[PDB]
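> I would like to see how this sequence folds:
(4 chains)
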Amino acid sequence: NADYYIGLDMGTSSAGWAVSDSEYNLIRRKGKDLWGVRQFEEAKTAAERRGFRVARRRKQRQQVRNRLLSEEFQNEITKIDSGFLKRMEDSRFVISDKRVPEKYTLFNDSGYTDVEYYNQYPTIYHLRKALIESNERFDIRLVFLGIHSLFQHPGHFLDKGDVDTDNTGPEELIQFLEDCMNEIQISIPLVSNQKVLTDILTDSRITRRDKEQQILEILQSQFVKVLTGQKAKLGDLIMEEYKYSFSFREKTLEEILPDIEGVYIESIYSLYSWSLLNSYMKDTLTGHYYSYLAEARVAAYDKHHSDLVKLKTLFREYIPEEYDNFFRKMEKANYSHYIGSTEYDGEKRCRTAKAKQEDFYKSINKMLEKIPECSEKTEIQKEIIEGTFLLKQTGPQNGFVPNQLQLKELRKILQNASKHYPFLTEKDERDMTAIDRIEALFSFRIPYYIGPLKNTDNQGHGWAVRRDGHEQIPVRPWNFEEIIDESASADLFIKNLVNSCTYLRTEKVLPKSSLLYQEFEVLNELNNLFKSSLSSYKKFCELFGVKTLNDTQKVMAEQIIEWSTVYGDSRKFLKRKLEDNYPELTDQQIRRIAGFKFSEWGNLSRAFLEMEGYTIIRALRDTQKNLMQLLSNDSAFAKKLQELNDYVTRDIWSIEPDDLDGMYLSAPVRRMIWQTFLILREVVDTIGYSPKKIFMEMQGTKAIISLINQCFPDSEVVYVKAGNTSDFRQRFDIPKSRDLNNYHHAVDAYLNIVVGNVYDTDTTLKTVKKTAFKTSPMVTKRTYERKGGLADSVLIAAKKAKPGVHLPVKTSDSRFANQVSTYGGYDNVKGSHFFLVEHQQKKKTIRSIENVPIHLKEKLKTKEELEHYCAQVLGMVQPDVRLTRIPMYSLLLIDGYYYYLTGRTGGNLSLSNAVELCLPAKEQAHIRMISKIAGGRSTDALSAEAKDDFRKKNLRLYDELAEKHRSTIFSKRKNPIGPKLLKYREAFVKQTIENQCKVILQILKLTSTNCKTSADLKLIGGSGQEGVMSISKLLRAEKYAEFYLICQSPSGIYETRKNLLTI
DNA sequence: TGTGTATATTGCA
RNA sequence: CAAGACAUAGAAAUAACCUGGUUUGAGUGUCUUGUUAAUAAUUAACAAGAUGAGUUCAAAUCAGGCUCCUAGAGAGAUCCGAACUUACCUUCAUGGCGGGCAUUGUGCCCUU
DNA sequence: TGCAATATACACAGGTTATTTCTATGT
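Numbering: from 1, shown residues only, chains lettered A, B, ... in the order given. See the structure here:
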């Protein structure tokens, strides 16, 4: 009949919608005004979820490496201690919960135990120093332990250098760099200023650029502009534009060895290599440097010891009564809290969370104040400012340690053991000894383009290409090149990220430098008639010799463009592809191919460009053609498109589950669009026909107008300029009080229908004004099942953990699931949804609303499953599940007041206000103006007689807001506020303007549906968390006069009240 | 942020 | 003078890494007096006084799922598991969710 | 002598490399 309109105000946390005819005056359906505010939560991005996924895979890989490393030492360790590998696995458990009841974690011999092992080696670095320096035959368990600790702390893999160097001081290798004097003679001042040259380049805190400028002032390309880390020009390497620029940070000389072949020759690597390894290993007492990182930590261990005796003497000499509170006692950020353990008065060790030195340093500064100034006090205060006082080896500050620095200790420890344990040098079928495998395991990490090495089910992101006959074979560092087709899988990694075709949907686009795609741009410009060019042909005819490309070298040429784009840089792939497939090209030909680099992709695919309409690429050639009429309905090429992809537009009207995937939409936008569809799908069907127009307002909107244009094609979607609606609120006096209620979202959607259809194209104003101030809009909240973490991410202390309330470490392990107060557990166990169960408590039939935990959601879907859960776990007598799913934030009507079932509070149910406050339109402007003063704007620069008006207007509002909480719907809440609002009335007058306007907004937090109901009415004398309402878990029929559950559809058109006291 | 949740305080008959 | 050469900055998705952190356990605490105990003096228990140490390691790190067993505080695999989707009712259908007035306080009328 | 209604405290995070989409600038 009469076509209607739909306006939308779509936002990341709420979607407002409105329905109107050609003359506003909202359409009426099911006896309701057809507008409302669909509210929900902002959708979480996948970045956090990806954080745990990669962390899980990293933990999985670290567990395999620990397993494989243990199998290398498995046979030799068994000869002395069979259970050593299993003793380490039994570490968390108390002596009564481990497989073998042995007290100590690692060593359980007669002479040697954990107490004796730490007397010889107080720290792991002390063990490693013995493992490296000493040539005595060590116990294989100690050798394994030293190697194992390096595996736990491998260091970063960012620095590309040659650990393989045996040993060479900076004085020695500089002499080699003096050689090759074919330069402008900068290589000799390498020896002259070597003392300043070595330390300045080694210094790890000097900025690399500032380090670069100062050194050349004494050495006066140059290679002195590359030590920072950047591309290096080959202008001076005995023969500019032939850069093949290598940056020492990005690529290894061995990797660039084929690149530099056929051309200050190679030793310039060593000086840069020296800087990376020895930057952080500089001795302070002397001028030299340590050899291995273990040697640098025993020295740091001894400085911390020397720092401790200074603090102990200072405290005992000056404040001996405060000595006991800082060292032999656990408090906030004292020394014991810093170390994380304490042992005094013969009591057991009190191991807790460790303190950060920032708060620990602050604790000494406040603690030295009561000591009069002296030499030691100034000296200790000096070190704290420098940050070198009482340092610990492990912590967030060890992000500098590279793998090559740790690889040096691995080789030295393994080499020192080969002279004593022959099992490390027994070769095998691959001619690899144990050392060749441990060293390979240590430094080998999967390259970023391989991804996960297995796809048990095709549900993950894995794309690795296993070679034929190598499936279901574990990948090792030595098996990596055989099992995994590294070139083929790296092709997929780039390919999967490539965009899809603009018109066709199943084929990836072609490179923008590909031959046929380079054409499509030029004939597009030919029709327009230059901003485009056809240059790949101009470029590729040099390689092939022939000036004009035939049809047998064009397919030759296009495979190179794809390879030079998919395999950009990383010449081990491009060169391998050419050499094996096409051995015809010579060395200069291959090197010239790497010379040009294109890595951009077009908007269209190869399959689309060669479609048999009656090839579209030739269609732009023979005729002049129109830019968009070629693929429009007026032509036969459009029909050819639909046959290639059987997918239909809009999918199905009633089925559009996840059509938003692949459109590069953030998770907040995807949820915000989807709930918009849940409304329109429910309005166009409740009404008979489809809306003539759709108005919307939130540049990614172009991706949004499109996918909705699929829905209801006959509609005329209109986008209204942002800020146009706010102009209507100004000139036509329609204030928007965002802090009052959520009705503005509906009005914003409603006004969207007004600015539109008038910007594009009586008493019209009166109808809009009357509608704009209506209380009609139906505000719904998206009910859902809570997703995310099952509980808190980290375990809490066993002292703070109690059974039943805290999720154990492992539920399937009876050791953890039964001793939550012994091993700790996960706090705040999140629940998915709620369900209603009727049980007999105190020999009386009552009902309670219990929750289904997120970790039990899948096995608790049926009523029989839920009843069994109540009987055994919840402990209910004769359970009878009446409702199986009460979602989170479900509407409840309790004693006439509407709430939201947000969560739970121990034995209670947390509720939030679901009722909208409605103040008269005159006080809407004052609240909007109150927020700005509380939001930062100052009342000091105000008229002396406009400020007494401020107090009185504020007084009237507080007096009015004291009435809605007294005699209105807002008087039926739990924990009422009206009695308390009058109680603090004398403190509302007796306060400044700013403070008495920061409580008005806090009061308004008690009648807002967007936030949890609570108020910071502490300025007027109440509490910072005031007004929280929380009913009991049990629905006693005598306590509540009524208790419903309003199940509303997303538009709210269909409601269903389920009396929780009956059904 | 903001909030779900355990935890704590406060009357109170 | 718009490309480009680049730089830098941010967002999104994915992959590969590091430092940790957290929890539990290990890293033997020792002396003095007093009280009360077992039994001339000791060994505990407890309380109050003191006192010396301290830097690390091991294992787990969403619950869990997956393969195989010949069912275990078992092996395997090293990847699935914190993002996105769901009102309610049914034969799970392009089904249903009665017909209408109000719209500042959660109502009213006609029907089943 | 609990006990219901109110009010309170608080939570894993800081870096790195690479790719592909997508902007922002000056340079």
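> in the stretch 101-250 of chain A, what residue is nearest DNA strand B?
Using Cβ to the nearest atom of the strand, residue A:156 is the residue of the stretch 101-250 of chain A that sits closest to DNA strand B, at 28.7 Å. Every residue, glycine included, has its C-beta placed from N, CA and C.
> how about that residue: what's its closest non-neighbour residue?
Spatial nearest neighbour of residue A:156, chain neighbours left out: residue A:402 (5.7 Å); criterion: Cβ to Cβ, 6 or more residues apart in numbering.
> the residue of the stretch 101-250 of chain A closest to DNA strand B contacts residue A:405, correct?
No: contact between residue A:156 and residue A:405 fails when scored by Cβ atoms under 8 Å: they sit 9.8 Å apart.
> give me the more crowded residue out of the two.
residue A:405 (24 against 14; other Cβ atoms under 10 Å).
> where does residue A:531 sit: helix, strand or coil?
Following DSSP: H, G, I helix; E, B strand; the rest coil, residue A:531 is assigned to coil.
> now the helices for the stretch 451-600 of chain A?
Using DSSP state H, counting those that start in this stretch, the helices of the stretch 451-600 of chain A run over A:480-483, A:486-497, A:515-528, A:536-544, A:554-566, A:571-581, A:587-595.
> would you mark the buried spots in the shortest one?
Residues of helix A:480-483 classed as buried: A:480, A:483 (neighbour count, 16 or more other Cβ atoms under 10 Å).
> how far off centre is it?
Distance, stretch centre to chain centre, for helix A:480-483: 32 Å (Cα atoms, centre = their mean, to the nearest Å).
> next one: stretch A:229-238
For stretch A:229-238, the distance to the chain centre is 38 Å (Cα atoms, centre = their mean).
> quick check, that stretch touching DNA strand D?
No: Stretch A:229-238 is not in contact with DNA strand D by Cβ under 7 Å from any atom of the strand; minimum separation 8.9 Å.
> tally of neighbours for the closest residue to residue A:861 other than its chain neighbours?
Of all residues not flanking residue A:861 in the chain, residue A:884 sits nearest, at 7.4 Å (Cβ to Cβ, 6+ apart). For residue A:884, the count of nearby residues is 18 (other Cβ under 10 Å).
> relative to its centroid, which residue of chain A is most remote?
residue A:762 (55.3 Å; Cα atoms, centre = their mean).
> ok, that residue to DNA strand D distance?
41 Å (Cβ to the nearest atom of the strand, to the nearest Å).
> which SS class is that residue?
Residue A:762 ends up coil, using three-state DSSP.
> roughly how far apart are it and RNA strand C?
In terms of Cβ to the nearest atom of the strand, residue A:762 sits 21 Å off from RNA strand C.
> swap in residue A:575?
In terms of Cβ to the nearest atom of the strand, residue A:575 sits 20 Å off from RNA strand C.
> my read: that residue touches residue A:590, true?
Yes: assessed by Cβ under 8 Å, residue A:575 is found in contact with residue A:590 at 6.2 Å.
> against residue A:650, how distant is the residue lying closest to residue A:788 once chain neighbours are set aside?
Leaving aside its chain neighbours, residue A:788 sits nearest to residue A:830 (6.7 Å; criterion: Cβ to Cβ, 6+ apart). Separation of residue A:830 from residue A:650 (Cβ to Cβ, to the nearest Å): 36 Å.
> buried deepest among the helices of the stretch 451-600 of chain A, which one?
By mean neighbour count, with neighbours taken as mean count of other Cβ atoms under 10 Å, helix A:554-566 ranks first of those at a mean of 18.
> what helices or strands is that helix leaning on?
helix A:486-497, strand A:509-511, helix A:515-528, helix A:536-544, helix A:571-581, helix A:587-595 (3 or more Cβ pairs under 8 Å, 6 or more residues apart in numbering; DSSP states H and E).
> just to revisit the earlier point, can you give me the neighbour number for the residue nearest to residue A:156?
Residue A:402 - counted by other Cβ under 10 Å - has 22 other residues nearby.
> who in the stretch 51-200 of chain A is up against DNA strand D?
Residues of the stretch 51-200 of chain A lying near DNA strand D (Cβ under 7 Å from any atom of the strand): A:55, A:156, A:158.
> now, which of those lie within helices?
residue A:55 (DSSP state H).
> now, which of the residues of the stretch 51-200 of chain A next to DNA strand D sits nearest RNA strand C?
residue A:156 (4.1 Å).
> any idea how far that closest one is from residue A:406?
10 Å.
> what's the closest of the helices of the stretch 451-600 of chain A to DNA strand D?
helix A:486-497 (3.5 Å).
> run the angle between the closest one and helix A:571-581 for me.
Going by axes from the mean of the first three to the mean of the last three Cα atoms, to 10 degrees, helix A:486-497 is angled at 110 degrees with respect to helix A:571-581.
> hmm, helix A:486-497 touching RNA strand C?
Yes: against RNA strand C, helix A:486-497 shows contacts by Cβ under 7 Å from any atom of the strand at residue A:497.
> tell me the domain ranges of chain A?
A:5-45+A:666-781, A:48-157+A:402-443, A:170-278, A:293-386, A:498-644, A:791-829, A:915-1032 (automatic domain parsing).
> just send those back as JSON lines, with distance to residue A:1049 too.
Listed next are the domains of chain A as JSON lines, based on distance: least, Cβ to Cβ, whole Å:
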{"stretch": "domain A:5-45+A:666-781", "distance to residue A:1049": "6"}
{"stretch": "domain A:48-157+A:402-443", "distance to residue A:1049": "29"}
{"stretch": "domain A:170-278", "distance to residue A:1049": "57"}
{"stretch": "domain A:293-386", "distance to residue A:1049": "48"}
{"stretch": "domain A:498-644", "distance to residue A:1049": "32"}
{"stretch": "domain A:791-829", "distance to residue A:1049": "31"}
{"stretch": "domain A:915-1032", "distance to residue A:1049": "18"}
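> just say which of those is most tucked in.
domain A:5-45+A:666-781 (a mean of 18).
> okay, how far is it across it, tip to tip?
Domain A:5-45+A:666-781 has an end-to-end distance of 23 Å (Cα to Cα, to the nearest Å).
> likewise for stretch A:390-405?
24 Å.
> possible to save the helices of the stretch 451-600 of chain A as CSV with distance to residue A:622?
Shown next, in CSV, are those (distance: least, Cβ to Cβ, whole Å):
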stretch, distance to residue A:622
helix A:480-483, 51
helix A:486-497, 33
helix A:515-528, 11
helix A:536-544, 20
helix A:554-566, 20
helix A:571-581, 35
helix A:587-595, 34
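> among the ones you listed, which comes closest to residue A:1001?
Smallest distance to residue A:1001 across these (Cβ to Cβ): 46.8 Å, for helix A:486-497.
> rewinding a little: can you list the residues of the stretch 51-200 of chain A next to DNA strand D in CSV and add distance to residue A:31?
Converted to CSV, those look like this (distance: Cβ to Cβ, whole Å):
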residue, distance to residue A:31
A:55, 54
A:156, 67
A:158, 67
